[PDB]
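Worksheet: one structure, shown below.
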Amino acid sequence: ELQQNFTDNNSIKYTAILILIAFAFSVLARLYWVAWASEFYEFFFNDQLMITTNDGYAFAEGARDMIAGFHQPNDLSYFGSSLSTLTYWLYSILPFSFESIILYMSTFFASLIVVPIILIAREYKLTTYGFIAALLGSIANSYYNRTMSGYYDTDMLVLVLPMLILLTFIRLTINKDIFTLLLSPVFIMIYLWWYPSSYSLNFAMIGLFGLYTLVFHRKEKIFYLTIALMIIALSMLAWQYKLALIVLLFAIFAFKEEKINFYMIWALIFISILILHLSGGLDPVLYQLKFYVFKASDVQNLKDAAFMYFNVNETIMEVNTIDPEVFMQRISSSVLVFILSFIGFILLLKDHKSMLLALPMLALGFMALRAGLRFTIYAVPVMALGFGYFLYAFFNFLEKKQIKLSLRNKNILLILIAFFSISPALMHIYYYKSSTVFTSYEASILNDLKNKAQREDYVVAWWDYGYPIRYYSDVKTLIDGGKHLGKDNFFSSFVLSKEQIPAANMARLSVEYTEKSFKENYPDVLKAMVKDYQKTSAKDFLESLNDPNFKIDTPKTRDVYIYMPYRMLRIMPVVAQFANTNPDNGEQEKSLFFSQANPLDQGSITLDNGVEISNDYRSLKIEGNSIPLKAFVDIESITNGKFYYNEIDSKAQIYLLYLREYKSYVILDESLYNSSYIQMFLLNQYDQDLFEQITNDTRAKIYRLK
Amino acid sequence: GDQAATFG
Ligand SMILES: CC(=O)N[C@H]1[C@@H](OP(=O)(O)OP(=O)(O)OC/C=C(/C)CC/C=C(/C)CC/C=C(/C)CCC=C(C)C)O[C@H](CO)[C@@H](O)[C@@H]1O
Ligand SMILES: [Mn+2]
Ligand SMILES: [Mn+2]
Ligand code: NA
C-alpha cells in the first residue's frame, strides 16, 4: 500500500480523493472545539452553541431580519449583506436550526481553501505537495482563529476567493485557458460582492496582472482582454452591465479567430480605467491605508467641522500589534515551519514566475506587522504553498544527490515530515479553548429585554456589545462593531463614566440627536448639540449639561435603556478614556487610575497584577511603591446594594473594592468611583428620579430613562 | 485576539 509512487500522480481521481481528504480533515479539525464547548451549559442558547466573534451577531441580525422580511428604518441592520444573504438561502433550503447554521457555516466554507491550494500545486504538477500544503494552510493558527466553528464572520471566504483568482491566473499562464476570460472576472465580482473591502486586494492583484503581462506576455491578446474585463468587474457598473460586457467580449474572443484588433482592446482598457475611475477608484485603498497603515485619528478629514476625539484604533483587539515570534506562529503555527515556508516560497518563485501573482496576499499578510494581527490571514495559504514547495525541493535534492531511498521509505519519510510539522497547528487548536461571545445568562437577559422593550427603542451600551444587543434584544444602539469612531463612542463613554445627572442628560440628548441625524446628517453630533444649545465649545456645552434645572427642548420619541454588564468592569478605564478627552482639545482631562485583579490565595495579598494589598487592608504596593487607600469598600450584594464602606484616610485618593460574589478586587480613583457604572452596577445606587431599574442581576443591570 | 472588541 505504501511501496507505491504518489509524487508523480496528478490524476483527476487522485486529486479529487486528496481534496476530499483535506476538506474532511479541515472540518474534523474544527470540530474539536464544538466537542469541548458543548460540555458547558454557559455556552448554549436555544439548544445550540453561540457565535464566537462579536461581528457574527451583526450578520446574524441581518440574516434573521431577511428571514423575517424586514427591519426597522435606521437600525443599522446588515439586511441584504452577503453573509446574511447566504445564511438566509441556506436557512431556507436546509432542515437545521438557525443557530446550528450560524455555528457551522464558517467550519464549512473556510475549509474550501483546501481546493485552490492543491489545484495551484497541481498546475505545477505537485498535487501531493499541494495536499500537504492544504492540510497546513487549512488549520494554521491565525486562519483557524477567524474560521473556527462559531466564527460566524466574513473571514470564512476572504482568502478562498482570492486564492481561486490566483489559480485562475496560473491556469492562464500555463495553458492559455480561454475559460479564464470568464472566471477571473466572475470571481472578482463574487469577491467584491462577498467582502467589499476586498476591493483593495483586487485592485492590487489586477494591477500586478497588468505589469506581469507587460513583461512575460507582452504580445498575447487574451491577457489584455481579460485585464479589461477584470477592471470592468472592479467598477461600480450595475451587475447586468458588467456581466453583459464580460460575456460579450468573451464570446467574441472565444469564437472569432480574426478576433479583436489590438487597438480596440487598448481602447477597452481606457474605457475601463475611466469607468473604474468614475466608480471612485483607488480611494478605498488610500482610505484603508489611512486607518490601518497610517492609523490617523481624524480619518474623515474635518478640521473644525468636527471636534477632536480619542482614537479607537489603538483600542481594538484585531488591530493590536504583534512581535515576530507571534507573527510567524500566526502564519505557520511555528517559527521553523515559517522559515522553511519562506524558503519554499522563494524557490517556488524562482521556478514558476507566475507564483509572482501571489505577492499581493503575501504582502497583505506581512502588512500585519504594521496594521495589526488580523491581516496575517492573507499570508497563510501562499506561505503554505511555499512550505509544500520546500518539501518537493528537499526530496528533489535527495535524488539530485543520489540518496538511496526506497519508495516505501521516502513515503514514510514524507508522512512523518508533514505530521511533525503540522503538529503545532493541532496543539494551537487544542489550546484555543475559545468561549462564546456572551454567556447563556446575558443572552437570556437581552432576550427578556426583547420581550420587554420596543423595537424602536435605544439601549446605550459600549460598542463591543452593539451587535449582540441588537441581535438578542432587537433594539437600536448608539455604537457597534462597525460604528465606533471617537466621535461615535463619546456619548456612550460619557453616559457610562460620568455622574448620573449629566449621564441621563447625555443619554437623552445623544439618542435624540442620533435619531435626528438620520434625517439631518450632522458631520459631528456633539457639534450639532453644541451649535443648537448656543454654546461656544464642547467643554462649555458638556459642563452646562451638569444642571439639575436643565431644559430639554428635544422631545421624547422612544424609551432609552442603559445596559451595564459585569464584564465591562475590566475595560472601564478604556471606556472612560473616550469621554476623558476634551472634544475642543483632543486633550486628556484626568489621569484614570483603574485595574481589576483576582486574589491568589489566603498575610499580604498579591493579586494578578503584582499589586500587594496591605495586610492592614489600608495600603497597596505597585512597582515597589506603597500607596495609601482612602476607603475599603467590601461589596456582598451587587443586586441588593449591600456593601460596607470602611473609612481609612480622608486625605488619600485610591479606593479598593472587594467583589465577594466574584472574589475579585478593583483599584480605582475618585473620578471612576463616582461614574454611573461603578455606582449603579456595583453599589446599586441610582437616582430614582432619573432612572427606573428594569433588570437587576449580579451579571447585569438594565435601567430606563424617564 | 481576533475580536472586533475592546482591550487595554
Ligand atoms: C459586522 C461588522 O461590523 N464588521 C466590521 C469589520 O469588518 P471588516 O474588517 O471586514 O471591514 P474593514 O475593517 O474595513 O476591512 C479592512 C481589511 C482589509 C484586509 C482590506 C483593506 C486593508 C488595507 C490595509 C488596504 C491594503 C491595500 C492593498 C491594495 C492590498 C496590498 C497591500 C500591500 C501589498 C502592503 O471592520 C470595519 C471597521 O470599519 C467595519 O466597517 C465592519 O462593519
Ligand atoms: Mn470581523
Ligand atoms: Mn430591528
Ligand atoms: Na459548567
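What follows is calculated from the coordinates using simple rules that are stated; it is not laboratory data. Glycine gets a Cβ as well: all are built from the backbone with ideal geometry, and neighbour counts include every protein chain shown.
Over all other residues within a Cβ to Cβ distance under 12 Å of A:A371, the charged ones net out to +3, with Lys and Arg as +1 and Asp and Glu as -1.
Under 5 Å between amide hydrogens, built in the peptide plane, is the criterion, and for A:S77 it picks out nothing among residues at least 5 positions away or on other chains.
Which of A:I331, A:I613, A:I403 has the fewest other C-beta atoms within 10 Å, and how do the rest follow up to the most?
Values: A:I331 29, A:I613 22, A:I403 10.
Result, fewest neighbours first: A:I403, A:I613, A:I331.
Only bridges whose two residues both fall in the protein assembly as shown count here: according to DSSP, what percent of them are antiparallel, nearest 5?
On the way: 39 of 50 bridges.
That works out to approximately 80 percent antiparallel.
The distance from the alpha carbon centre of region A:632-706 to that of region A:87-106 is 42 Å, rounded to a whole number. In terms of its C-alpha gyration tensor, region A:152-263 has a prolate overall shape, because the principal axis ratio a/c (a ≥ b ≥ c, square roots of the eigenvalues) is not below 1.5 and a/b outweighs b/c.
Can you tell me how much longer the chain between A:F96 and A:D540 gets when fully stretched, taken as 0.36 nm per residue apart minus their C-alpha distance, in nm with one decimal?
Details: separation 444, 0.36 × 444 = 159.84 nm, distance 5.60 nm.
My answer for the length gained is 154.2 nm.
Given a Förster distance of 22 angstrom, what is the FRET efficiency for A:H217 paired with A:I346, based on the Cβ-Cβ distance and rounded to 0.05? It would help to have the intermediate numbers written out before the result.
On the way: r = 23 Å, r/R0 = 1.05.
After rounding, the FRET efficiency stands at 0.45.
Listing A:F438, A:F594, A:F6 from fewest to most neighbouring C-beta atoms within 10 Å gives A:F6, A:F594, A:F438. As a ratio to 2.2 N^0.38 Å, the alpha-carbon radius of gyration computed for region A:437-706 takes the value 1.04. Coupling constants for region A:660-674 follow from the phi torsions by the Karplus curve (6.51 cos²θ - 1.76 cosθ + 1.60, θ = phi - 60°), and in residue order they are 4, 5, 10, 6, 10, 10, 10, 10, 9, 9, 5, 5, 6, 4, 8 Hz; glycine and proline get x.
What order do you get for A:29-39, A:112-122 when each peptide is scored by the mean count of other beta carbon atoms within 10 Å, highest first?
Output ranking for A:29-39, A:112-122: A:112-122, A:29-39.
Could you work out, residue by residue across A:306-317, how many beta carbons of other chains sit within 10 Å of that residue's beta carbon, and then give the average as an integer? Walk me through the intermediate numbers first.
On the way: counts 0, 0, 0, 0, 0, 0, 1, 0, 2, 4, 6, 8.
Mean shielding by partner chains, rounded to a whole number: 2.
The value for region A:421-578 of Rg(Cα) / (2.2 N^0.38 Å) is 1.23. Between A:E623 and A:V335, the C-beta separation translates, for a Förster distance of 35 Å, into a calculated FRET efficiency of about 0.60. Here the label points at A:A16 and A:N447, each 7 Å from Cα along the C-beta direction, are separated by 4.4 nm in the simple model. Put simply, when A:409-415, A:581-587, A:125-131 are sorted by average Cβ atoms within 10 angstrom per residue, most first, you get A:125-131, A:581-587, A:409-415.
Quick check: residue separation of A:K556 and A:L416 times 0.36 nm, minus the Cα distance between them. What number comes out in nm? Write down the numbers at each step before the final one.
Details: separation 140, 0.36 × 140 = 50.40 nm, distance 6.94 nm.
So the extension gain works out to 43.5 nm.
In order along region A:685-691, phi translates into HN-Hα couplings of 9, 9, 5, 5, 6, 9, 10 Hz, rounded to whole numbers, per the Karplus curve 6.51 cos²θ - 1.76 cosθ + 1.60 with θ = phi - 60° and x for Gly and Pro. Between region A:455-479 and region A:520-586, how far is it from one alpha carbon centroid to the other, in angstrom? Cα centroid to Cα centroid, the span is 18 Å.
How high is the relative contact order of region A:1-436, given as a whole-number percent (alpha carbon pairs under 8 Å, six or more residues apart)?
Working: 589 pairs, mean separation 87.2, N = 436.
Rounded, it is 20 percent for region A:1-436.
Shielding of A:465-476 by partners, i.e. mean partner chain Cβ atoms within 10 Å per residue?
Details: counts 2, 0, 1, 0, 0, 0, 0, 0, 0, 0, 0, 0.
Per-residue shielding by partner chains comes out at 0.
Dimensions of region A:1-436 from C-alpha coordinates, computed as largest minus smallest value along each principal axis and given longest first, are 74, 68, 46 Å. Sorting the segments A:214-223, A:462-471, A:685-694 by their residues' average number of neighbouring beta-carbon atoms within 10 angstrom, most packed first, yields A:462-471, A:685-694, A:214-223. Averaged over peptide A:48-59, the number of partner chain Cβ atoms lying within 10 Å of each residue's Cβ comes to 1.
Given the -39500 (n - 2.57) contribution per DSSP H run of 4+ residues, what per-residue ellipticity at 222 nm results for chain A, rounded to the nearest 500 deg cm²/dmol?
Details: 29 runs with 354 residues, N = 706.
Calculated from helices alone, the mean residue ellipticity at 222 nm is -15500 deg cm²/dmol.
Dipole of region A:537-669, Cα-centred, from +1 at each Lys and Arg C-beta and -1 at each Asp and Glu C-beta, to the nearest 20 debye?
Values: 14 positive and 19 negative charges, 68 e Å.
Approximately 320 debye in magnitude.
Model label sites at A:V326 and A:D689, defined 7 Å from Cα along the beta-carbon direction, differ in position by 4.9 nm. The distance separating the Cα centre of region A:1-29 from that of region A:331-384 comes to 24 Å. Note that region A:49-60 has calculated 3J(HN,Hα) couplings of 4, 9, 4, 10, 10, 3, 6, x, 5, 5, 5, 5 Hz, one per residue in order, obtained from phi through the Karplus relation 6.51 cos²θ - 1.76 cosθ + 1.60 (θ = phi - 60°); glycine and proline are x. Here each label is just a point 7 Å from Cα along the line to Cβ, and for A:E612 and A:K176 those points are 8.1 nm apart.
In the neighborhood of A:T439, defined by Cβ-to-Cβ distances under 12 Å, what is the net charge if each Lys or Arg adds +1 and each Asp or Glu adds -1? It would help to have the intermediate numbers written out before the result.
Details: positive: A:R567, A:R699; negative: A:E42, A:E442, A:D697.
Summing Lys/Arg as +1 and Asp/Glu as -1 gives -1.
Counting only Cβ charges, +1 for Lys and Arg and -1 for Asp and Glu, the dipole size of the protein assembly as shown around its Cα centre is about 2680 debye.
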